[PDB]
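Residues per chain, in single letters:
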Amino acid sequence: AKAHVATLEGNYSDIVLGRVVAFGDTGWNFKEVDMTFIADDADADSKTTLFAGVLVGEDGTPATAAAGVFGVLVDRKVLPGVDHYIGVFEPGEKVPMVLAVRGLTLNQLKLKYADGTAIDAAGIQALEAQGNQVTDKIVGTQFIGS
Amino acid sequence: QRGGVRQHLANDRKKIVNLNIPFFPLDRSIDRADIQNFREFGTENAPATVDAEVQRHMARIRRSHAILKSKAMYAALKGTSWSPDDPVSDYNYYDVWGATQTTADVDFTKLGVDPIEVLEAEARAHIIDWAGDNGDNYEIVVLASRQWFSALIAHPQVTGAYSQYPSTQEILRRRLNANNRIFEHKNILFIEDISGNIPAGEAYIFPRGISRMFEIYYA
Amino acid sequence: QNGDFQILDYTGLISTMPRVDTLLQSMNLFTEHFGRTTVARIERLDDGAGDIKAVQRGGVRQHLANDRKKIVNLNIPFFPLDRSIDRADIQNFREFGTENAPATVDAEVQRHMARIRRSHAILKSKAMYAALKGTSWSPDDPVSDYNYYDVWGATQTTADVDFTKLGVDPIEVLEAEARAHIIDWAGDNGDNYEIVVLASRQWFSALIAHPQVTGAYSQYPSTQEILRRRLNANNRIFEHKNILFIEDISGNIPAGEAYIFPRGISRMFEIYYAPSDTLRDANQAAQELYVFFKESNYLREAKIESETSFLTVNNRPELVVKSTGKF
Amino acid sequence: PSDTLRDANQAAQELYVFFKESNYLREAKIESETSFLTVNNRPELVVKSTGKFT
């Protein structure tokens, strides 16, 4: 007797805790990269594995170690709760995406590699080379009590 | 330190769920043969009238509906909806919300161990830790079957406590009209179920208060 | 979810929030001072006592020639908290408990302000308890962590209670050791100070179950008085031999430990405040809690900041007794 | 709506234009944004016509 349930976790403004607002423009911090949305083999049914907060390389391929780290995926099309894209893309279809690179404050608890592993020291210093304040001074990491 | 990095608040969670609703009809009809040529029961020679029968049947219908509502109210405490003979709205809330029943088994044969200290350690601690903030004046209440209550009161570790409790007339002021017994000790209220809705040998504990813990939906 | 054909109707909403303590605040034990500098001064004048003796009419008289003073200085910690909200958080979303109504920035701002205030209140409640233990509250910064007992040149009187000794009344050991001393050293001018015992859950449970006190407890009501002796906490209460016992519910008392303080005694606990790290009030005055709301001049981001710095002070560590026991 | 925080999920306009000055009397910038879709609701009454010439 299923009781259908839907859920979400996190926002856009919890992976990016703050910006540096370049007066001269608004696109200073970001870079636009092109990636494959739906898996290369899965049918046109699978919600892709691009949860916001994954680390991607310079050419858009998802990161796997500290070596291939360039930016943090923050595109609106993969934010939690944004799930009306299921059949809109064919397998292997390749779409632009947005990465945040420069002058940003980053939550250390959200950053992950493509597999799911949490970011490590090597990845932290790699990102922090771009001028990103990777910080772990977050309040809210324990829910309700239990 | 004054000048260094600050802190942030970056947590949240949400859920949403949908459920169905049952249906309960009731109907009656009255023919000519029911009223004509008969008296009204409590008036000797006065002739029978349709209006009296109609009003009596309306009263019976309302009484039956009230009994049904009272029966359905108890099912919420057990954690399941009330809808007999229709497996389309019988929902188990514990699995629906992804929770599990915390079980506090009490052994009444162990004379040397206080029963109402096992509850204090297991159930009341957890119900308060998980209660959540913003809840004002929620009093822990224990609802028990008759056998469970009788076993509890007779336990030697609680005979001394009970013998000194008044248990005379307060039931009319702590509540308003039920004749079921009351026992209050160690900041816990005990009550005996009189409608038989609690299975024999079982008892349940809930915090009361906590606005918007129980709701009734209508269609 | 099966399409727009099935028009949906009202839906309800519920929420959960973390617990907030009110015991110490409800008791009215602390006083607040607003200063300017980051350091607060404490001035403790000490009097002298003596007894007059009879003398004959004409002979030498008597004199009063005693006094003492002390003065000490302390620092203050700092506690920030801040959050930001972007466009992507609000646009194209509903408000959670209103079905089809569009999301608005104001609702999110108000909810975040409420969360910030709740967190600050929780922090203040946590910090209040640290005063009783005799040490200040300032995690992760060994520059304001002060031990009051050595600061004021006092020592903890320890009243160890053995719960395994069935033949000896536990609450008569406390009467002999802690309550006697706390009254002898209480000092004069203190009006209506009631001895209060705050204990961890394990210590209280061990105490109540002790055979020498089962008879006393079984005859105590322990039904609803908690709502009149206090105002709202659900922690249990026991009162016997002119001593009040309470169970800590926030876990701030280490397991197996209990503390005793006299309450009353005006100016025993204090809270000091200092200004915020902002240019417009660097030396102006202090406030309970600063809240700053800034919306970017380019209409693309908004920022929320909160600020508060304070220190809780226990002026008389000599008057607090620490207890421990076996189990 | 424009992506600016002013009108997130608020309303729509044909063309947004902004002009900025640094307030330091040393720089300025110009902004403009639009977001629209052109839709032919009835792709039934438009008929192609191709012609072979010579």
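A few points on the structure. (Residues numbered from 1 in each chain as written, not as in the entry; some residues may be left out. Chains lettered and ligands numbered in written order. Part of a larger assembly, values for the part shown. Heavy atoms only, no water.)

Things to note about the pattern of salt bridges
Counted under the stated rule, the structure contains 37 salt bridges over all chains. The closest approach of N and O atoms between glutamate 139 of chain B and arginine 208 of chain B, which form a salt bridge, is 3.0 Å. Given the relative accessible area of 44%, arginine 208 of chain B is considered partly exposed. One salt bridge connects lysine 303 of chain C with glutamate 305 of chain C, and the closest N-O pair in it is separated by 2.9 Å. Within this structure, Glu120 and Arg124 of chain B together with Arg236 and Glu247 of chain C form a network of salt bridges that share partners. (Salt bridge = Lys/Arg side-chain N within 4 Å of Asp/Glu carboxyl O. Buried < 20%, exposed > 50% of the residue type's maximum accessible area, 1.4 Å probe, protein only.)

A few points about the environment of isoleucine 85 of chain C
Relative to the helices and strands, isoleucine 85 of chain C is located in strand β4 (residues 79-85). Sequence separation of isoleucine 85 of chain C and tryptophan 137 of chain C is 52 residues, and the distance between their C-alpha atoms is 31 Å. Discounting chain neighbours no more than four positions away, the residues touching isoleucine 85 of chain C are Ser13 of chain A together with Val105, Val109, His112, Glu301 and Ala302 of chain C. (Helix = DSSP H or I, 4+ residues; strand = E, 2+ residues; numbered from the N terminus. Contact = heavy atoms within 4.5 Å.)

Observations regarding the interface of chain C and chain D
Contacts between the two partners involve 14 residues from chain C, matched on the other side by 10 residues from chain D. Together chain C and chain D conceal approximately 1,100 Å² of surface at their shared face, both sides included; 51% is due to carbon and sulfur atoms. Summed over the three residues of chain C that lose the most area to chain D, namely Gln91, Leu299 and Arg300 of chain C, the buried surface amounts to 52% of that side. Scanning the region where chain C abuts chain D turns up 2 salt bridges. Across the pair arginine 300 of chain C and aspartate 3 of chain D runs a salt bridge whose closest N-O atoms are separated by 3.8 Å. Joining chain C to chain D, the criterion identifies 5 residue pairs in polar contact. Here the side of chain C that touches chain D is composed, by residue class, of 7 nonpolar, 2 polar and 5 charged. (Buried area = accessible area lost by both parts, 1.4 Å probe. Polar contact = N/O pair within 3.5 Å; in protein donor to acceptor, adjacent residues only side chain to side chain. Nonpolar A, V, L, I, M, F, W, Y, C, P; charged D, E, K, R; others polar.)

Looking at the packing of aromatic side chains
A complete count under the given rule lists 17 aromatic pairs over all chains for this structure. For the pair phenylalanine 238 of chain C and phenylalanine 245 of chain C, a centre-to-centre distance of 5.6 Å together with 25° between the ring planes defines the contact as stacked. Aromatic rings pair up to connect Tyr162, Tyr165, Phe183 and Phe190 of chain B into one cluster. For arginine 102 of chain A, the ring lying beneath its charged end belongs to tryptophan 28 of chain A, and the centroid distance is 5.7 Å. The aromatic ring of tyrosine 298 of chain C is capped on one face by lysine 20 of chain D, whose charged end is 5.0 Å from the ring centroid. (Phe/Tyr/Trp six-rings, centres within 6.5 Å; stacked < 30°, edge-to-face > 60°. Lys NZ or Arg CZ within 6 Å of the ring centre and 35° of its normal.)

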